[PDB]
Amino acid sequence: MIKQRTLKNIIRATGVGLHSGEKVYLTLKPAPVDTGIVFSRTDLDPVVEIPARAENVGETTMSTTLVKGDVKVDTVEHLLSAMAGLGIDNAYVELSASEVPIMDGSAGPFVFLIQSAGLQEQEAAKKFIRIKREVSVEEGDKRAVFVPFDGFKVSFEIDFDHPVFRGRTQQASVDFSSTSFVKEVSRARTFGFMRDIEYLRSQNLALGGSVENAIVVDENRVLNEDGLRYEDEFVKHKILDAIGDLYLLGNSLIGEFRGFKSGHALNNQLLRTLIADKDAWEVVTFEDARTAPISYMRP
């Protein structure tokens, strides 16, 4: 069978929140079968756990925020993207503060830290959500859709009228049967506009933002001296965000996601609409990895 996976070993990292600018200690720990991804605020007494599930998304302003009452875990999407990309089902994510560290603004440092620790196959079938029928949500010119697909595929389109986007790839499709999450998507970074930073800081957004953890765009050029990792880095980052947002379903998808200018808010609304529309999906297992429509790297 395709087995559930957890971490082989505890691993530790230090960084700062993108939004809060606060220093944070991150610990990834192994978790038993059917735990899912559970975030833990270890700075609080008593400690507060928040499962990484669509129903715990409380705020979606410029990141996905998990919330239990007054307790928040902000910017979970880049770490959940890495976990979805490596096939991690079960893990405890301990944090010393209210926001996952931004690291280099991508999933690259997370995929490296996890593959460094190693993955552990567990003695239980991995459960997938197979999309059986179209489910779509719209708001204004934004759209997010699931359609049936025998595999996992993401298509995304952004539309920015900014000189730095003129004639640039604003649309991409990744089929994870053809393409490596790791080589193709994980290194795409968070991006931001100089003309926005005053408004954002006034909203307690991007307080930790800099060229060290983001592509900073200024009028006609990228400020980062060493430039882009990909010609289409911006749309690749939105695909990274979508994978992270969609992993709040709590299981890997067998289907296709298409986003048109979709962000954290509409991605979460798509998950809530799917969960409610029970005839559009089923839980499936594969008793032979070799005959299944998606494969994961050796652990």
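Numbering starts at 1 and runs along the sequence shown. Rigid core: the largest C-alpha set superposing within 1.5 Å between the two forms.
- When the other structures are laid on the shown form by the core, the C-alphas of 47-55 and 227-235 differ in how far they drift in 9 other deposited structures of this protein; the larger average drift belongs to 227-235.
- Core superposition of the other structures onto this form places the C-alphas of 215-223 farther off in 9 other deposited structures of this protein than those of the other stretch among 215-223 and 146-154.
- On average the C-alpha atoms of 58-66 have higher B-factors than those of the other stretch, with 241-249 and 58-66 being the two compared.
- Annotation for 173-181 versus 101-109: the higher mean temperature factor (C-alpha) is found in 173-181.
- Ranking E157, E123, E138, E77 by the C-alpha B-factor listed in the PDB entry places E123 at the top.
- Taking the deposited Cα B-factors for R143, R221, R229, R130, the highest one is held by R221.
- Annotation for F193: C-alpha temperature factor in the highest third relative to the rest of the modelled chain, per the entry.
- In the PDB entry, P46 places in the highest third of its chain by CA B-factor.
- In the deposited entry, the Cα temperature factor of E134 sits in the middle third of values across the chain's modelled residues.
- Per-chain ranking of the deposited C-alpha B factor places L18 in the lowest third.
- In the deposited entry, the Cα temperature factor of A214 places it in the middle third of its chain's modelled residues.
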